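> Have a look at this one.
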2 protein chains.
Amino acid sequence: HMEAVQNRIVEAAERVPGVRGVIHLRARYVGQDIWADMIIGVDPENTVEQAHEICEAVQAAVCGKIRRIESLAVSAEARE
Amino acid sequence: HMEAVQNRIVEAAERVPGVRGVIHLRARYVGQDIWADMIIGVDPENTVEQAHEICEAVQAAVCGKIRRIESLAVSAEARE
């Protein structure tokens, strides 16, 4: 339900080039809308700029696929 | 007072190689202890691993200089 929506968020994030898994996802309803914050893994040898580009790509992929999301923050952490 | 402690935190962070300013600092007292979270700027062309190393260096510099800090989280963002 919410679990259904979280699964969709993870799946959509994992399909973006450069994502090394979803490390963390917190999602909540504000009325009928979802507000979420997530942390993605990235290659430690990517540049900070590349990691920012991946996060922005995730934000666009996820919000394009899951139309109820009205706020999404995406950060990155090194992951082997 | 608290302003004195914040100034010390910023100064100590700015003295670590690789810091391109303090972007954000939130500090609060939990009893006599300080708990703080901060965001440092870094070179967009540093690797994610390098940025992690800078953040860890900041955590060590700051907590070494300001002994009342009992919790400090340090994250990075690209800054030109």
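> Compute the long axis of helix A:2-14 from its Cα atoms, compare it with the longest principal axis of the Cα atoms of chain A, and write down the angle in degrees, 0 to 90, nearest 10.
30
> Along each of its three principal axes, how wide is the spread of alpha-carbon positions in the protein assembly as shown, in whole angstrom units, largest first?
Its Cα atoms span 47, 36, 25 Å along the three principal axes.
> Still on this model: Would you mind working out the magnitude of the charge dipole of chain B relative to its Cα centre, with +1 at each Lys and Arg C-beta and -1 at each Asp and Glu C-beta, to the nearest 20 Debye?
Working: 9 positive and 13 negative charges, 89 e Å.
Here the size comes out at about 420 debye.
> Now for a separate question. Sum up the charges of everything whose Cβ sits under 12 Å from the Cβ of A:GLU70, counting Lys and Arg as +1 and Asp and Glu as -1, but leave A:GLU70 out.
Details: positive: A:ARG28, A:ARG67, A:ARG68; negative: A:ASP33.
In short, +2.
> Is it possible to state the helix-based mean residue ellipticity at 222 nm for chain B, with each DSSP H run of 4+ residues giving -39500 (n - 2.57), the sum divided by total residues, to the nearest 500 deg cm²/dmol? What is it? Mind showing how you got there, number by number?
Working: 2 runs with 31 residues, N = 80.
So the calculated ellipticity at 222 nm is -13000 deg cm²/dmol.
> A follow-up question, please. Between copies, how close do the B:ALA60 label points come, placed 7 Å along Cα→Cβ, listed in nm from shortest?
For B:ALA60, the other copies' label points sit at 3.9 nm, shortest first.
> Additional query: How high is the relative contact order of chain B? Use alpha-carbon pairs under 8 Å, at least six apart in sequence, and give a whole percent. Please list the in-between numbers first.
Working: 130 pairs, mean separation 27.2, N = 80.
Computed over chain B, the figure is 34 percent.
> How big is the Rg/Rh ratio for chain B, C-alpha atoms only, Rh by Kirkwood, two decimals?
On the way: Rg = 12.1 Å, Rh = 12.5 Å.
Rounded to two decimals, Rg over Rh is 0.97.
> So which residue, out of A:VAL16, A:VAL48, A:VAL62, gets the largest mean-square fluctuation from a GNM of chain A using Cα contacts under 10 Å as springs?
Comparing A:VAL16, A:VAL48, A:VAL62 in a Gaussian network model of chain A, the most mobile one is A:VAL48.
As a convention, Cβ positions derive from the backbone with ideal geometry for all residues, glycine included, and neighbour counts pool all protein chains shown. Read-outs throughout are calculated quantities, based only on the coordinates presented, and are distinct from any laboratory measurement.
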